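Engineer: I would like to see how this sequence folds:
(2 chains)
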Amino acid sequence: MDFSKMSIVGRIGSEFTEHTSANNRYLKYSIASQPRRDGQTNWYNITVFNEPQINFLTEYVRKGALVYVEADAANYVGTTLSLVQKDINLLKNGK
Amino acid sequence: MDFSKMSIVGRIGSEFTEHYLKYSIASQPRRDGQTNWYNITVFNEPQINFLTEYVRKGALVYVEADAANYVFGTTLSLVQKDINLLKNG
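Structural biologist: Residues are numbered from 1 along each chain as shown, chains lettered A, B, ... in the order given. Sure, structure below:
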């Protein structure tokens, strides 16, 4: 019924840091997004649990890649934004 | 071209406080699970007048908002671009 989803286009501005939850493997990275040249540069911390998408990132995607990310958004209340990745399309890969 | 669009379906769980307009959306995807709260900023006055004079608290709405997250910790900003009333409060 209710949901909060977000589409993000920008450059991967960090490395792919692997983690393991207290239970499960997941990945974390950051996306730098600047819609207007005269405007604010936005940063988003992405979380990836889907293993087929984790393998595609750590293997083929490099830092500085232009990506289109769709993520489910959650706001944990002092609020913290959570962006669990659901799909990604590589527009241009990093150097 | 970079962007960060947010799509929310939830219940307006606050009053419309004027400063531009500001309110909160209660988005609970699961009956058992957590409720997500999003502070919505509205600068579009044609949509400001629609919110105050037609929408009541607790109404189910679908909102498209642009997201901006500044790093200092981060600060999330959601500027409503368009809204559709699903069921009024």
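
Engineer: Could you use CA atoms for every contact and neighbour count after this?
Structural biologist: Noted.

Engineer: Pull out the buried positions in the longest strand belonging to chain A.
Structural biologist: Looking across chain A with DSSP state E, the single longest strand is strand A:80-92. Within strand A:80-92, the residues that count as buried by 16 or more other CA atoms under 10 Å in any protein chain shown are A:81-86, A:88.

Engineer: Among these, which ones lie close to chain B?
Structural biologist: Here is what survives when the buried residues of strand A:80-92 are matched to chain B using CA under 8 Å from any CA of the partner chain: residue A:81.

Engineer: Of the buried residues of strand A:80-92, which is the nearest to chain B?
Structural biologist: When those are compared for distance to chain B (CA to the nearest CA), residue A:81 comes out closest, at 7.7 Å.

Engineer: Would you quantify the distance from the closest one to residue B:63?
Structural biologist: Distance, residue A:81 to residue B:63, by CA to CA, to the nearest Å: 18 Å.

Engineer: likewise residue A:61?
Structural biologist: Distance of residue A:61 to residue B:63, given as CA to CA: 32 Å.

Engineer: try residue A:44
Structural biologist: Distance from residue A:44 to residue B:63, by CA to CA: 20 Å.

Engineer: quick one: the helices in chain A?
Structural biologist: With DSSP state H as the criterion, chain A has helices at A:51-60.

Engineer: In the sheet, which residues pair with the residue nearest to the spatial centre of chain A? Tell me.
Structural biologist: When CA atoms, centre = their mean is applied to chain A, the residue found nearest the centroid is residue A:46 (3.1 Å). Counting by DSSP bridges, residue A:46 is bridged to residue A:29, residue A:83.

Engineer: Does it touch residue A:87 like I think?
Structural biologist: No: the criterion here is CA atoms under 8 Å, and residue A:46 misses it with residue A:87 at 11.4 Å.

Engineer: list the residues that contact both of the two?
Structural biologist: residue A:71 (CA atoms under 8 Å, 6 or more residues apart in numbering or on different chains).

Engineer: quick revisit: between helix A:51-60 and the longest strand of chain A, find me the angle.
Structural biologist: If you take axes from the mean of the first three to the mean of the last three CA atoms, to 10 degrees, strand A:80-92 sits at 60 degrees to helix A:51-60.
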